[PDB]
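Participant: Protein chains in written order, with the deposited numbering: chain A, 2 to 447; chain B, 2 to 447.
Protein chains: 2
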Amino acid sequence: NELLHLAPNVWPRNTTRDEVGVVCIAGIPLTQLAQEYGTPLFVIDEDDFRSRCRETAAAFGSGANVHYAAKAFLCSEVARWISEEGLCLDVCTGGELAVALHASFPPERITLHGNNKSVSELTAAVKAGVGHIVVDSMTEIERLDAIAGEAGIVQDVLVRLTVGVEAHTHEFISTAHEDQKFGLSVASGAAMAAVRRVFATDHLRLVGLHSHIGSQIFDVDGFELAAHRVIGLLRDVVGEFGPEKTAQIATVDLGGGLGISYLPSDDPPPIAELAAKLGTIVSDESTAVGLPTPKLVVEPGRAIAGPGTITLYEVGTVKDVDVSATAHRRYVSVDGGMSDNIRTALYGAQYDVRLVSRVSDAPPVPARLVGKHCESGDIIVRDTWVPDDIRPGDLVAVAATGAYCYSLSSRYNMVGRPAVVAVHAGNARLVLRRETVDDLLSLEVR
Amino acid sequence: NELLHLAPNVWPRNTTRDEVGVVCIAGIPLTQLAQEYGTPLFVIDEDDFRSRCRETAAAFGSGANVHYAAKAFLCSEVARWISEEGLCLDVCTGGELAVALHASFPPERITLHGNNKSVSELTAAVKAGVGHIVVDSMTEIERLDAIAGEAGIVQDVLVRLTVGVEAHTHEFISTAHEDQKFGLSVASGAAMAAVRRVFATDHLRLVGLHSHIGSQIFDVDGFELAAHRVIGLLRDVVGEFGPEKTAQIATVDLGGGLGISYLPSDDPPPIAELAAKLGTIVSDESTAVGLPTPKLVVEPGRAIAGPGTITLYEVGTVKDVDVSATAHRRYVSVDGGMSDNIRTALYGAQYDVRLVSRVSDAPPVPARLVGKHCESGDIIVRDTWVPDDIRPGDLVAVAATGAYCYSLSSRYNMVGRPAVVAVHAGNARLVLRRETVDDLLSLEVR
Ligand SMILES: *Cc1c(COP(=O)(O)O)cnc(C)c1O
Ligand SMILES: *Cc1c(COP(=O)(O)O)cnc(C)c1O
Ligand SMILES: N[C@@H](CCCC[NH3+])C(=O)O
Ligand SMILES: N[C@@H](CCCC[NH3+])C(=O)O
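(1) With a cut-off of 8 angstroms on the beta carbons, I'd call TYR405 of chain A and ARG331 of chain A a contact; round off their distance for me.
(2) Where do the N-terminal and C-terminal ends of the beta strand (DSSP E) with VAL432 of chain A fall, by residue?
(3) Could you pull out every residue in the same chain whose Cβ sits closer than 7 angstroms to the Cβ of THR402 of chain A, ignoring the five residues on either side in sequence?
(4) Note down the Cα distance separating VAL438 of chain B from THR294 of chain A, rounded to an integer number of angstroms.
(5) The beta strand (DSSP E) spanning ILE272 of chain B covers which residue range?
(6) Could you tell me which chain B residues have their CB closer than 7 angstroms to the CB of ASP180 of chain A, listed as they occur along the chain?
(7) According to DSSP, what are the bridge partners of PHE43 of chain B?
(8) Which residues in chain A have a C-beta closer than 8 angstroms to the C-beta of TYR413 of chain B? List them in chain order.
(9) Return the Cβ separation of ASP48 of chain B and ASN15 of chain B in integer angstroms, given the expectation that the two are a contact with Cβ distance under 8 angstroms.
(10) Which residue's Cα is closest to the Cα of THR40 of chain A: A:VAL422, A:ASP440, A:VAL446, A:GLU445?
(11) At a cut-off of 8 angstroms, would you count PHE173 of chain B as near ligand 3, judging by its Cβ distance to the nearest heavy atom?
(12) Find the residues of chain A that neighbour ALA346 of chain B, judging by a C-beta separation of less than 7 angstroms, and give them in chain order.
(13) Give the residues from the stretch 84-101 of chain A that approach chain B closer than 9 angstroms (Cβ to any Cβ), ordered along the chain.
(14) With 9 angstroms as the threshold, decide whether the Cβ of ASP137 of chain A is near any Cβ in chain B.
(15) What are the boundary residues of the beta strand (DSSP E) that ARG198 of chain B is part of?
(16) Just the C-alpha distance for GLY338 of chain A and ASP379 of chain A, rounded to the nearest angstrom, thanks.
(17) Go ahead and pull the three-state DSSP assignment for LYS296 of chain B.
(18) Can you tell me whether DSSP reads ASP49 of chain B as helix, strand or coil?
(19) Give the DSSP-derived three-state secondary structure of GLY243 of chain A in the structure shown.
(20) Measuring only between beta-carbons, confirm whether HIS133 of chain A sits less than 9 angstroms from chain B.
(21) Any C-beta of chain A sitting closer than 9 angstroms to the C-beta of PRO41 of chain B?
(22) Give me the residue from B:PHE242, B:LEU297, B:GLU122 with the minimum Cα distance to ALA65 of chain B.
(23) Cutting at 8 angstroms between CB atoms, please list the residues of its own chain near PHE183 of chain A, excluding the five before and the five after it.
(24) Rounding to the nearest angstrom, what Cα-Cα distance links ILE381 of chain A and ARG344 of chain A in this structure?
(25) Expressed to the nearest angstrom, what Euclidean distance is found between the alpha-carbon atoms of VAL399 of chain B and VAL366 of chain B?
(26) Entirely within the stretch 50-113 of chain B and at least 3 residues each: give me those beta strand (DSSP E) ranges in chain order.
(27) On the DSSP bridge assignment, give the partners of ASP157 of chain B in chain order.
(28) For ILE148 of chain A, which three-state DSSP category applies?
(29) Which residues does DSSP pair with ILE26 of chain A in a beta bridge?
(30) Tell me the DSSP bridge mates of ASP323 of chain A?
(31) For my contact list, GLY317 of chain A and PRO393 of chain A are in at a C-beta cut-off of 8 angstroms; report their separation, rounded to the angstrom.
(32) For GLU286 of chain B, which residues in the same chain have their Cβ closer than 6 angstroms to its Cβ, ignoring the five residues on either side in sequence?
(33) Could you spell out where the alpha helix (DSSP H) holding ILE174 of chain A opens and where it closes?
(34) Shorter than 8 angstroms, the distance from the beta carbon of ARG303 of chain A to the closest heavy atom of ligand 1, or not?
(35) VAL432 of chain A CB to nearest chain B CB: under 9 angstroms?
(36) Output the residues surrounding ligand 4, defined as those with a CB atom closer than 5 angstroms to any ligand heavy atom, in chain order.
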């Protein structure tokens, strides 16, 4: 009828509709997957994930200029996709680096991030030979120096910058004094003080400048300002140390935050266009200050891992709730909740939800997809439409849950993690099995 | 000097200072606790907890009238404490029931909650002989009644109401149409419809009405109006069924949300006083409509498990961030983060945090206790104060993390769940061990 259309910018590349009207991913009907693997279920469309890997890499000239941000979603299978498609991998803590290593990720294609890197983390990284570390404090620079000098290597590093730009969807805020934990201020001199300290020692070596300015960005405008303010530092450093000790700072890392479509109306720019533009503004901005254009590096998380995966639920309860003297809201309770998708409660995110186990001829009715936790705020999709005949047993899917949902998953109310499955050219396979009661108790020490 | 005083209403009841000025819990210096067990670390003052159980029990007449809300924090060890203290236990999903059972908590004393109970969950609960189930939809009534009949029993049952009172700290909102997922509206007739269904079944027995109206409540005003609306439903229920079928509805459960002190300035009423007003609100309101007073039940989660415990961290980085042309904010980055305490990001919570490894002279400086994840919003304490000589390797501790902290814990950025440890009179045992790279990978297949 009208809730039937599956906006292609929102749903995985390989979504189709059955002859019996069952939504399918990679040739497999979602009903099949719920019978085989249970619900709730995370369903990853592997070709989608790889596709986006490939489209981004082409857009920026090389998969090497594209670092996947592990925090969006990480496991061995994914580390292995990243590796195969030739991108780099951005890990953020000791734990992330471990997993990437356990999955035999090339450690020269790993960059390590973080505002509070411990000593053991910095050690373990040069020990495996990570080969970029984006430093975030004077203290980390001191530690990294000792540690690296001790190992008899020269660690390539980037310094993380605050340029006071914060971008989201179609706007951005600029501030005199960015008030957050990451990076070093350009304007207050802290960043230049750091650039010096890194020049003072022989055990580190500054190879670029990093800036991360937001998420869910749909415009290039904020990157342009951010890039201007970053290249501005570059100017300052060749102005104090002359183009020679500086020739080797040839990378500008503009971070991630490249947005995706959670809702049909969401209109992030095709990656190719976006990339062409950024490349232009990096080249205009560096030339208009007397400097050879540096290479552009970005760090996508979501824009790779997000659209390809969907979360499949089973309707359990359907309750009509009166919200005014005339109007109602259809609360449809589902298999999971803030345990596998906290994004709605935590960031006020908005998702798209659809009936997938069949096609309904019933009219659209206003609705709330909620979960099963004992908390009124356990809402998965705050505002949507649902066919009037939605009923227990039906299966629904929430789109674009591949980034940030599982990584943030918890065991609230002792609800185990859902299973994760990948589907590819007709074939599904369990990647991350579903937690069980034994898992829930595994930490308990008798 | 003033960052030195540990308010007694905020920190666990057995908190003290060393002769060398180190903070201790039930007699163990925190710094000692840190070297054996590591940080991040949950330290539970076991005796504060039991102490909290006994007091509440005493106020509302008996442990039978106080059900502890598992969702706040649950493991076998805690299940055992609640049991030993003679209270009941509210569980919310299958997993919560399972753990309680494994800890062989007495099922007569368990009560099952939830907005979307599954057929299997309700089946398991009748099998275990659960004893009370608070029903939330007409669908649950059909499902439950069948399940009880097949098992040959009559399941006692309360109905969850929506009375249009939402309460927080020193105020409450009233609404004509409460717009949330739980319960059955009284004003709409949804509640009567439910009461009527339960009376009409063969296999259910209605023994009370249930109402939960908020969180962090400090006034009794919201409870008053609630009980009023709630007991007004009882008044209808004898205007239909007359008194003889209604003298089985003998329990009014007013939910939880009883408040606690996160900051020194927080003034929740002392439990013995609260109970006594609520007891009299129920008797005044109960005869006001010609009924004999039902017994009052209450459902604290936070008020039991909250204050007893704290979270111990190790400062790793200290950055001084310019937030104004003249002002500064001391970013003190720490050992875990939103993974072990998401409340600040999720609800905008406000916590106390103090230096505990030692005493300082240095004057207090404005600060933000921040975590180690690759996200700017990874903030544990947004607005506090730290001694100016604060430096890495120091130990700080955050008060009142006993409730909804570890329950909400995730593995964001593969940061494993901290260890949880109980301390009773100079002795400290491990309760929940800390996760490791193996637990991180424990759901991987191949
Ligand atoms: C989170 C993060 C990213 C990725 O963010 P997305 O919005 O998911 O694209 C990239 N770089 C850094 C430093 C980050 O913290
Ligand atoms: C959360 C909850 C409680 C207790 O809440 P606290 O604020 O932690 O006291 C009681 N009953 C129900 C049904 C709940 O969901
Ligand atoms: N908001 C509380 C739980 C309230 C439950 C509302 N039905 C928490 O901190 O988790
Ligand atoms: N506020 C962001 C979350 C950022 C995730 C990591 N920096 C969003 O739109 O979801």
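Every residue gets a Cβ at the ideal spot worked out from N, C-alpha and C, and that includes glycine.
Facilitator: Considering the structure as presented:
(1) Going by Cβ atoms, the distance from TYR405 of chain A to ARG331 of chain A rounds to 27 angstroms, so no, they are not a contact pair.
(2) 428-433 is the span of the beta strand (DSSP E), which, as asked, contains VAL432 of chain A.
(3) Only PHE43, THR310, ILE311, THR312, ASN342 meet the Cβ criterion.
(4) Rounded to whole angstroms, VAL438 of chain B to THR294 of chain A spans 42 angstroms at the Cα level.
(5) First-last for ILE272 of chain B: 272-288, but that is the alpha helix (DSSP H), not the beta strand (DSSP E).
(6) Taking a Cβ-Cβ cut-off of 7 angstroms, the neighbours of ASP180 of chain A in chain B comprise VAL322, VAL324, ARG330, given in sequence order.
(7) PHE43 of chain B is bridged to B:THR312, B:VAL421.
(8) By Cβ distance, chain A contributes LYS72, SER408, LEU409.
(9) That pair is a contact at about 6 angstroms.
(10) Sorting A:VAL422, A:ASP440, A:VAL446, A:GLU445 by C-alpha distance to the C-alpha of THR40 of chain A places A:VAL422 at the top.
(11) For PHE173 of chain B, the distance from the CB to the nearest heavy atom of ligand 3 is not below 8 angstroms.
(12) Near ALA346 of chain B (Cβ distances below 7 angstroms), the residues of chain A are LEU347.
(13) For the stretch 84-101 of chain A, the beta-carbon criterion of a distance under 9 angstroms to any beta-carbon of chain B is satisfied by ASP91, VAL92, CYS93, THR94, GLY95, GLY96, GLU97, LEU98, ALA99, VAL100.
(14) Answer yes: the Cβ-Cβ gap between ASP137 of chain A and chain B drops below 9 angstroms somewhere.
(15) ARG198 of chain B: not part of any beta strand (DSSP E); member of the alpha helix (DSSP H) spanning 191-201, first to last residue.
(16) If I take the Cα positions, the gap works out to 6 angstroms.
(17) DSSP, reduced to helix, strand and coil, places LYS296 of chain B within a strand of the structure shown.
(18) Note: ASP49 of chain B maps to helix in three-state DSSP.
(19) Helix, per DSSP.
(20) Not an interface residue.
(21) Chain A, which has no Cβ nearer than 9 angstroms to the Cβ of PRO41 of chain B, makes this no.
(22) Ranking B:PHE242, B:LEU297, B:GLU122 by Cα distance to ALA65 of chain B puts B:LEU297 first.
(23) Cβ within range, chain order: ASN116, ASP137, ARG161, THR163, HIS213.
(24) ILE381 of chain A and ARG344 of chain A have their C-alpha atoms spaced approximately 8 angstroms apart.
(25) Those two C-alpha atoms are separated by around 17 angstroms.
(26) You should have 68-70, 89-92, 111-113.
(27) Looking at the DSSP assignment, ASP157 of chain B forms a beta bridge with B:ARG206.
(28) When DSSP states are grouped into helix, strand and coil, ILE148 of chain A belongs to the helix group.
(29) Bridge partners of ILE26 of chain A: A:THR16, A:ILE29.
(30) According to DSSP, which records beta bridges pairwise, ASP323 of chain A is partnered with A:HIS329.
(31) With a beta-carbon spacing of about 6 angstroms, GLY317 of chain A and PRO393 of chain A fall inside the 8 angstroms limit used to define contacts.
(32) Excluding sequence neighbours, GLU286 of chain B sits near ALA228, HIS229, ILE232.
(33) Counting along the chain, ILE174 of chain A falls outside any alpha helix (DSSP H), though it belongs to the beta strand (DSSP E) covering 172-175.
(34) True, at least one ligand heavy atom lies under 8 angstroms from that Cβ.
(35) Interface residue, yes.
(36) The answer, residue by residue, is A:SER216, A:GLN217, A:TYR348, B:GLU376.
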